[PDB]
Every structure is written in C-alpha cells, then in structure tokens.
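# Below you'll find the sequence and an experimental structure to go with it.
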2 protein chains.
Amino acid sequence: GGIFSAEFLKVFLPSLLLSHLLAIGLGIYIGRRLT
Amino acid sequence: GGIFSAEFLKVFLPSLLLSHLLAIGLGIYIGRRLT
C-alpha cells in the first residue's frame, strides 16, 4: 500500500466527493435561477 | 520523492479542474430542467 494511505486517503477520498457533489449543487442553483 | 509523483501530477492537477468544471455542468443541465 501507500505510506500515508489512511491519513492521505482520509483527506482525499471525501475531499473529491465534496468537490464533485458541491459542483453539482452549483449547477442546480444556476439552472433553477434561470426560469 | 515518490514512485509516480511526476507522472502522477501530470494527471492529478488537471484532473481536479476537469472534475469541478464537468460537475458544475451536470448541475446546470439538471437545474435547467426543473420548472
């Protein structure tokens, strides 16, 4: 495995999820704001 | 100071930007088809 593995993954696996998910939210806000 | 490092960054730094941009796009599509 990796050196940090848990440590690095602990702050990498969820970080990405938030980025993608959060991004989706933005799109919705923009769209719903259209009409 | 790792195995990939260089080869890793070459496909790690840009991937993030694409993820967010692509993600936001998804939201916009879904949102525009709300009301």
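That came in fine, so what should we check first? Numbers count the residues shown, from 1 in each chain, chains lettered A, B, ... in the order given.
# all helices for chain A, in order.
In chain A, the helices defined using DSSP state H lie at A:6-10, A:13-34.
# tell me the most buried of those?
Across the helices of chain A, averaging neighbours per residue (mean count of other C-beta atoms under 10 Å in any protein chain shown) puts helix A:13-34 on top, at a mean of 14. For every residue, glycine as well, the C-beta is placed using N, CA and C.
# In terms of secondary structure, what does that one contact?
Applying 3 or more C-beta pairs under 8 Å, 6 or more residues apart in numbering or on different chains; DSSP states H and E, one finds that helix A:13-34 contacts helix B:13-32.
# Please compute how far the helix it packs on lies from its chain's middle.
Centroid separation for helix B:13-32 versus its chain: 7 Å, with C-alpha atoms, centre = their mean, to the nearest Å.
# got the angle for that helix vs helix A:13-34?
Here the directions of helix B:13-32 and helix A:13-34 differ by 40 degrees (axes from the mean of the first three to the mean of the last three C-alpha atoms, to 10 degrees).
# What's the separation between residue A:34 and residue B:9?
Separation of residue A:34 from residue B:9 (C-beta to C-beta, to the nearest Å): 37 Å.
# typo on my end, residue A:19
17 Å.
# ok, for residue A:24, nearest residue in space, not its chain neighbours?
residue B:27 (4.3 Å; C-beta to C-beta, 6 or more residues apart in numbering or on different chains).
# who's in contact with that neighbour?
A:23-31 (C-beta atoms under 8 Å, 6 or more residues apart in numbering or on different chains).
# The residues you listed: which two are farthest apart?
A:23 and A:31 (13.0 Å; C-beta to C-beta).
# give me every residue that touches the residue nearest to residue A:22 when sequence neighbours are not counted.
Nearest residue to residue A:22, sequence neighbours excluded (C-beta to C-beta, 6+ apart): residue B:23, at 7.8 Å. By C-beta under 8 Å, 6+ apart, the contact set of residue B:23 is A:19-24, A:26-27.
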